[PDB]
Novice: 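Before I ask anything, let me first share the structure, which is written out below as structure tokens.
Reminder, nothing fancy here: chain letters follow the sequence lines and each chain counts from 1.
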Amino acid sequence: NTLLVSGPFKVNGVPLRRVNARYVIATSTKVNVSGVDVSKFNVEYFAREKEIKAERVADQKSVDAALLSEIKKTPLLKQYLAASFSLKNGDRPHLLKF
Amino acid sequence: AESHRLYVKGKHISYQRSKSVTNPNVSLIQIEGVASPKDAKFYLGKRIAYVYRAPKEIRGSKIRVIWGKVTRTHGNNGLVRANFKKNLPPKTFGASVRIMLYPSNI
Amino acid sequence: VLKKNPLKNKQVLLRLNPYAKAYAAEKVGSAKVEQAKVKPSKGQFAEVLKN
Amino acid sequence: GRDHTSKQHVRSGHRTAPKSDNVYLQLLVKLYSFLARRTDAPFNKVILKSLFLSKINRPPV
Amino acid sequence: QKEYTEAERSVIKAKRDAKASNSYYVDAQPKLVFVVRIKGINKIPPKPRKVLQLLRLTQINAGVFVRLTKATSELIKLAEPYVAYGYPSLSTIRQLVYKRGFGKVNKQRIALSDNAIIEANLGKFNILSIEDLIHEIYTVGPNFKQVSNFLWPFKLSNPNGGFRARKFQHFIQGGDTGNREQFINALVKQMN
Amino acid sequence: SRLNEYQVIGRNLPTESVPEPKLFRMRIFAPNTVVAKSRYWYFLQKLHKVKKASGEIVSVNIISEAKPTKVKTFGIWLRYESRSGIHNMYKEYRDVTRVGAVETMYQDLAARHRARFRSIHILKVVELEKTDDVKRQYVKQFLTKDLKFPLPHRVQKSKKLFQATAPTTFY
Amino acid sequence: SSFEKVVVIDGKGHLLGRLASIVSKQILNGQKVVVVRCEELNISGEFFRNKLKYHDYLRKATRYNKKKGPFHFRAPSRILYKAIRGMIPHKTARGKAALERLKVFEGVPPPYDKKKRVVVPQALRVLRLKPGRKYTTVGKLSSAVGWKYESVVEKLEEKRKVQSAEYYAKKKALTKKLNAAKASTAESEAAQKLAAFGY
RNA sequence: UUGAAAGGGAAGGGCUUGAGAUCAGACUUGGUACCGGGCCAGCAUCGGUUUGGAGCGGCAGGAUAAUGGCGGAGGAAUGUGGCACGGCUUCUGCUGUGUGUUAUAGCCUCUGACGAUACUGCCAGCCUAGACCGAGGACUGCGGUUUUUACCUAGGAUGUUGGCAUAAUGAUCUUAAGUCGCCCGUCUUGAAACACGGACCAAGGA
RNA sequence: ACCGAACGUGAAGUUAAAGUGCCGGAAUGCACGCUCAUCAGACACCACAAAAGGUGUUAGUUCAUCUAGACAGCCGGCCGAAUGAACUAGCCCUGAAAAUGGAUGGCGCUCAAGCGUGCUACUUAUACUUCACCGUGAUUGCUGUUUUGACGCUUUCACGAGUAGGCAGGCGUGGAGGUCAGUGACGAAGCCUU
Ligand SMILES: [Mg+2]
Ligand SMILES: [Mg+2]
Ligand SMILES: [Mg+2]
Ligand SMILES: [Mg+2]
Ligand SMILES: [Mg+2]
Ligand SMILES: [Mg+2]
Ligand SMILES: [Mg+2]
Ligand SMILES: [Mg+2]
Ligand SMILES: [Mg+2]
Ligand SMILES: [Mg+2]
Ligand SMILES: [Mg+2]
Ligand SMILES: [Mg+2]
Ligand SMILES: [Mg+2]
Ligand SMILES: [Mg+2]
Ligand SMILES: [Mg+2]
Ligand SMILES: [Mg+2]
Ligand SMILES: [Mg+2]
Ligand SMILES: [Mg+2]
Ligand SMILES: [Mg+2]
Ligand SMILES: [Mg+2]
Ligand SMILES: [Mg+2]
Ligand SMILES: [Mg+2]
Ligand SMILES: [Mg+2]
Ligand SMILES: [Mg+2]
Ligand SMILES: [Mg+2]
Ligand SMILES: [Mg+2]
Ligand SMILES: [Mg+2]
Ligand SMILES: [Mg+2]
Ligand SMILES: [Mg+2]
Ligand SMILES: [Mg+2]
Ligand SMILES: [Mg+2]
Ligand SMILES: [Mg+2]
């Protein structure tokens with residue numbers, strides 16, 4: 001029941017990991033991920049067994065390659081993904097569209 | 001990068017009360033920028049943190065939190081009723097709380 | 001040990017009233033009525049407008 | 001609140017056991033509690049009730 | 001269900017026909033009433049107190065079905081300052097019986113959660129189902145007495161939305177007591 | 001109140017002596033049909049030897065406005081009770097519905113004479129077809145040709161408690 | 001509706017009790033409020049009527065010892081303060097803290113002379129009173145009942161308004177130059193995109 | 001005396017939480033890196049209760065709504081154009097007064113065939129947000145789906161993940177804050193009484 | 001002592017009477033009017049005010065004069081369009097004078113935060129609804145599996161205010177018969193103690 005998520009790591013520093021759907025705001029911006037292979041990723045992939053596995057680093061790089069290739073198409077999308085979100089003074093989340 | 005806030009500012013206003021009797025189990029919370037029950041219904045079920053400082057360190061930290069949640073609206077001007085694990089102490093009337101954006105439903 | 005409302009629980013509704021299934025299947029709650037387009041008040045019932 | 005049409009928490013007003021502590025009368029009440037609970041004969045229910053009665057309610061025959 | 005629909009269409013047709021033929025169709029007077037006690041248990045004069053007890057309205061927000069005759073109408077007139085009553089629709093009866101329907105079985109309040117409970121207590125009166133019971137109430141039937149007395153008095157909640165500003169004056173004068181006649185359905189929707 | 005206009009028709013209960021009693025109609029301004037039938041019997045027992053027990057309600061029908069978007073002037077003839085006596089009066093109202101004119105009348109006698117709903121009998125509500133039928137100046141002043149008027153001193157309602165700019169009342 | 005660090009209210013043209021109730025709820029709810037120009041506040045009713053009311057207030061004093069009785073403050077800020085304290089549970093610790101959250105002044109002293117003053121529309125006399133009604137200025141009622149510093153405040157207010165006018169003339173000049181520069185940088189690629197975004 | 005704490009014309013009390021102090025407890029009498037367990041939480045799904053949405057759809061009734069739009073007939077004025085007189089206009093929303101009835105604006109009444117909407121009901125129609133609770137403890141019942149002597153939402157909460165076990169958690173004591181709280185006993189219709197007994201404590205006391 | 005509602009220990013929802021400018025939880029809510037008091041008014045019981053008055057203002061009733069130029073004003077004219085009288089009752093004012101300073105509860109409020117009336121929402125009782133737990137009363141079953149507790153176990157439903165008073169079940173104290181082959185100078189009893 002979790003969501004598989006990538007930064008991408010090169011853009012953000014956020015690797016492939018899981019998040020809970022209730023701790024996430026789903027914006028309206030979308031990236032075409034039909035060209036991204038996420039078949040091998042499942043619950044057992046993130047099993048608990050610092051040093052990070054070479055398999056995990058390789059999968060990060062391989063996924064981020066396709067993600068960046070598709071991200072470059074939309075202008076300012078890489079900068080948007082690389083920038084953090086915060087609530088400014090006078091920002092009302094009940095009135096904002098995400 | 002000057003701003004890092006991911007919560008909505010709130011205030012602990014009152015307990016649930018009649019003229020003479022107060023009910024500490026329910027707190028009245030004012031969420032900033034909310035002026036109607038329709039606006040306040042966005043925040044139903046959201047978590048609330050009362051963050052305060054204490055004399056003794058616990059695991060190297062002097063910051064403690066009381067957690068709660070928004071349960072329902074109150075009145076017509078956008079106040080909400082909140083339910084904390086431990087009742088907010090009466091001294092916090094007018095103190096600021098944090099209205100978290102989770103559990104998210106956007 | 002625990003009363004369940006037949007107006008919320010569909011299983012209890014079918015346990016008590018087996019005909020609820022036929023009512024839903026036949027759409028008795030939104031059944032059209034076939035009738036002619038008539039207006040029987042054009043004459044003396046216009047006594048409502050004035051008298 | 002309730003508008004009570006009768007007095008609340010009223011005991012039946014009948015003996016449900018002998019006042020006597022005689023163990024052998026208690027054994028007789030045991031036997032006829034079983035018979036009255038299990039035989040459908042009205043005689044056993046009458047005998048079971050009569051074993052509870054006080055001395056003046058069981059005059060000598 | 002078929003006879004309910006047929007009766008509704010028949011009444012509609014009769015009204016239209018009377019309208020067409022320069023006449024006036026006068027509806028049949030209601031034969032059933034739902035009576036809700038909206039007054040507390042304190043400071044009641046002896047005669048209306050006895051009347052409310054005989055109607056089994058011994059708490060606030062208690063509801064009962066009454067078949068209208070001269071005797072029962074004169075009963076309800078005595079209890080009028082303490083009750084709100086009216087003419088209940090079929091859906092209102094159904095919702096009451098489904099959600100808050102209880103039977104009096106050996107002087108105990110038993111939920112009507114299975115048709116066997118209804119059959120074991122009203123099977124000698126040809127009531128075999130919750131829908132048989134609802135029909136017997138709605139179309140005031142030959143065994144209305146037994147079916148309505150088997151039904152334990154309905155214990156309603158307070159209205160969601162409140163009463164009018166002041167309950168204890170007749171519905172005609174802006175209060176809540178007395179006969180409201182079709183608005184008992186809205187009130188029951190509020191309280192059930 | 002918030003009212004509707006009802007046509008209530010009733011009669012005496014038929015007897016073997018009189019098997020078709022006369023049908024009587026009244027126009028009642030009531031919030032609902034329960035008050036409509038109550039007011040009907042209230043006026044019939046002021047006008048006829050009849051009761052609800054010895055009578056029968058024959059028909060209750062809503063009378064809708066004929067032209068609910070045509071501006072009219074209504075004259076209403078009233079009979080109200082004061083603290084001292086009983087008085088007849090005639091007043092005029094501008095509205096698009098007959099019911100809304102009666103609602104304005106009830107507010108107006110509450111405001112100007114402290115006359116409650118129970119103290120008022122509406123004798124008659126008539127739509128004044130001719131401009132010469134208008135007797136009262138407070139409604140005659142809106143029947144002048146090419147009527148214009150501003151609304152000086154507009155007060156704007158604010159959503160916030162504090163405002164960072166000076167208030168204005170132009171309009 | 002935002003929580004502010006300090007809300008500075010310009011008291012000119014505000015009805016006394018309506019401003020008092022709004023400020024009372026603000027400071028009870030943890031908001032710091034400063035009210036300036038309390039000499040320009042307003043009370044509905046003619047001046048003579050409000051002066052008679054203040055004399056009724058002055059009548060009340062402890063008979064056995066006048067030093068114990070009510071202390072009738074004559075300054076406009078203290079009249080506003082009395083109105084607020086009557087709307088505050090001032091005999092509790094919470095009410096005392098809430099009252100510590102409040103400041104009231106005649107004129108606009110430093111540092112508030114170079115800060116932003118707001119208004120409260122729900123308590124503005126021009127927006128609340130029917131346009132024909134009579135009202136009182138608290139500065140005149142205060143002078144009529146004993147306040148000694150009316151002319152000092154108006155001398156200092158004229159000096160402050162001269163300095164604030166020099167401020168405003170400079171700010172308007174720099175606003176005119178910045179507007180001319182924004183006009184120069186109009187019809188640029190960024191400006192067209194911001195116009196398509198609504199900015 | 002020492003130590004701790006509180007203290008603007010009494011103090012003391014109840015409820016609630018904070019702070020500080022004290023006490024307690026599951027890694028159990030745990031079993032063999034692992035199995036599994038305890039407590040506190042997140043999420044998911046369920047069941048019970050309940051409050052909502054600028055919710056969406058279907059059906060019925062009424063004057064088989066009244067209106068409105070379109071067509072026809074009639075009419076009037078707060079009379080449009082035109083016309084005839086005027087005061088200021090290079091007739092520059094020019095304007096006033098008369099006339100009369102659509103003209104270079106329109107309106108009202110009656111009406112003919114359609115088409116909607118409001119309102120009030122019904123749906124054993126659909127979607128959707130939140131809160132509180134989880135009593136019971138092998139099976140047994142009533143139903144439903146039956147692809148089936150099987151499965152289910154159908155006689156009351158489970159699944160999964162994280163953290164913790166020098167502790168998150170709970171209780172009490174002291175104290176602050178919010179709110180409420182008059183001195184008991186007695187005789188009395190009526191006591192906090194400006195009615196009576198009671199300074200305090202121990203032992204005795206009907 | 002009035003209104004609401006009557007009370008076991010709790011959770012959630014909803015209300016009653018009363019309210020929603022602040023003190024105070026809930027609207028400076030929507031609406032039609034009225035009222036300005038140099039003693040306004042402000043909510044039943046209830047904590048007061050009358051007769052009589054007012055060209056203050058509002059709305060009514062009935063008469064009368066009116067473009068065949070009403071009343072007012074300059075001498076029939078002159079602009080032109082309404083006018084006069086009596087009466088009725090809303091709010092306001094006069095009538096309305098007491099002793100400590102002081103009470104619509106207070107602040108304060110004037111197209112109200114006042115008065116009359118309508119509407120929407122909202123606030124909250126130990127009351128109502130659902131659920132948990134305690135007890136009382138009733139109630140279902142329990143012996144070839146009753147089985148070392150049947151004065152027991154178990155199913156179900158309803159109910160719970162209380163002086164004087166009655167009854168029931170328990171807690172505690174001195175001494176007595178029996179029993180624990182009970183505790184105890186390796187510390188009984190007593191006393192102090194988050
Ligand atoms: Mg009870
Ligand atoms: Mg509500
Ligand atoms: Mg009420
Ligand atoms: Mg001192
Ligand atoms: Mg404590
Ligand atoms: Mg603590
Ligand atoms: Mg659920
Ligand atoms: Mg038409
Ligand atoms: Mg359990
Ligand atoms: Mg107190
Ligand atoms: Mg005595
Ligand atoms: Mg004596
Ligand atoms: Mg005496
Ligand atoms: Mg006493
Ligand atoms: Mg005394
Ligand atoms: Mg004496
Ligand atoms: Mg004596
Ligand atoms: Mg003494
Ligand atoms: Mg002693
Ligand atoms: Mg009464
Ligand atoms: Mg408030
Ligand atoms: Mg008088
Ligand atoms: Mg007058
Ligand atoms: Mg007076
Ligand atoms: Mg008060
Ligand atoms: Mg009002
Ligand atoms: Mg409650
Ligand atoms: Mg008792
Ligand atoms: Mg006693
Ligand atoms: Mg002795
Ligand atoms: Mg020994
Ligand atoms: Mg010892």
Novice: Glycosidic conformation of I:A112, syn or anti, with 90° from 0 as the boundary?
Specialist: syn
Novice: Closest nucleotide of RNA chain I for F:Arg83 versus for B:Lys19: which of these residues is on the 5' side?
Specialist: B:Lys19
Novice: Taking the ring of B:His12 and the ring of B:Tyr50, is the distance between their centroids below 6.0 Å?
Specialist: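 No - the distance between ring centres of B:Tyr50 and B:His12 does not fall below the 6.0 Å cut-off.
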Novice: I want to verify the glycosidic state of H:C27; is it syn or anti under the 90° rule?
Specialist: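 H:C27: anti glycosidic orientation.
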Novice: Are any protein N/O atoms closer than 3.5 Å to N/O atoms in nucleotides 67-75 of chain H? If there are, list each pair with its distance.
Specialist:
residue	atom	partner	partner atom	Å
H:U67	OP1	F:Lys67	NZ	3.3

Novice: Do we get C:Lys39 above C:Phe45's six-membered ring, with its NZ or CZ under 6.0 Å from the centre and within 45° of the axis?
Specialist: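 Here C:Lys39 fails the 6.0 Å and 45° test against C:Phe45.
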Novice: Below the 4.0 Å mark, does I:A158 have OP1 or OP2 next to a side-chain nitrogen or oxygen of E:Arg109?
Specialist: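 So the side-chain polar atoms of E:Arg109 do come within 4.0 Å of the phosphate oxygens OP1 or OP2 of I:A158, strictly under.
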Novice: Output the rounded distance in Å from NZ (G:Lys82) to P (I:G106).
Specialist: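 Taking NZ of G:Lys82 and P of I:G106, I get 11 Å after rounding.
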Novice: Want to settle it: does D:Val29 or G:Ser21 sit nearer the 5' end of RNA chain I, counting the closest nucleotide to each?
Specialist: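 Comparing both residues, the 5'-ward one is G:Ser21.
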Novice: Can you identify which nucleotide, out of H:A63, H:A167, I:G33, has its nearest atom closest to the F:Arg114 side chain?
Specialist: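 Out of H:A63, H:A167, I:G33, the nucleotide with an atom closest to F:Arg114's side chain is I:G33.
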Novice: Send over the distance from A:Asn1 CG to H:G162 P, rounded to a whole Å.
Specialist: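 So the CG-P distance, A:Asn1 to H:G162, works out to 15 Å.
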Novice: Select one nucleotide: of I:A40, H:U80, H:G57, the one nearest the side-chain heavy atoms of F:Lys145.
Specialist: H:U80
Novice: Rounded to whole angstroms, how far apart are CG on C:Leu7 and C1' on H:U50?
Specialist: 15 Å
Novice: I want to verify the glycosidic state of I:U126; is it syn or anti under the 90° rule?
Specialist: anti
Novice: Side-chain N or O of D:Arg2 versus OP1/OP2 of I:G160: is the shortest distance under 4.0 Å?
Specialist: no
Novice: Would the base of I:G160 count as contacting D:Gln8 through its side chain, where contact means a donor and an acceptor less than 3.5 Å apart?
Specialist: no
Novice: Can you tell me the base-pairing partner of H:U32? Count Watson-Crick or G-U wobble geometry only, both distances below 3.5 Å, and say none if there is no partner.
Specialist: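 In the structure as shown, H:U32 has no Watson-Crick or wobble partner.
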Novice: Would you mind calling I:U9 syn or anti? Take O4'-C1'-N9-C4 for purines or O4'-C1'-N1-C2 for pyrimidines, and syn is within 90° of 0.
Specialist: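 This nucleotide is in anti.
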Novice: Mind telling me whether H:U153 is syn or anti, cutoff 90° either side of 0?
Specialist: syn
Novice: Whole-Å distance between H:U145 P and C:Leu13 CG?
Specialist: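 The distance from CG of C:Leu13 to P of H:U145 comes to 13 Å, rounded to the nearest Å.
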Novice: Does the base of I:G13 carry an N or O that pairs as donor and acceptor with the side chain of E:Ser157 under 3.5 Å?
Specialist: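 For E:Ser157, whose side chain was compared with the base of I:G13, there is a donor-acceptor pair (under 3.5 Å).
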Novice: Do we get B:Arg47 above B:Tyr102's six-membered ring, with its NZ or CZ under 6.0 Å from the centre and within 45° of the axis?
Specialist: no
Novice: Hey, does the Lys NZ or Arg CZ of B:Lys46 hover above the aromatic six-ring of B:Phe42, less than 6.0 Å from the centre and inside 45° of the axis?
Specialist: yes
Novice: Aromatic ring centroids of E:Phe102 and E:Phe154 under 6.0 Å?
Specialist: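 Judged by ring-centre distance (under 6.0 Å), E:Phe102 and E:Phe154 do not meet the cut-off.
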Novice: Report the distance from atom CD of E:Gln190 to atom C1' of I:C128, rounded to the nearest whole Å.
Specialist: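 It works out to 14 Å between those atoms.
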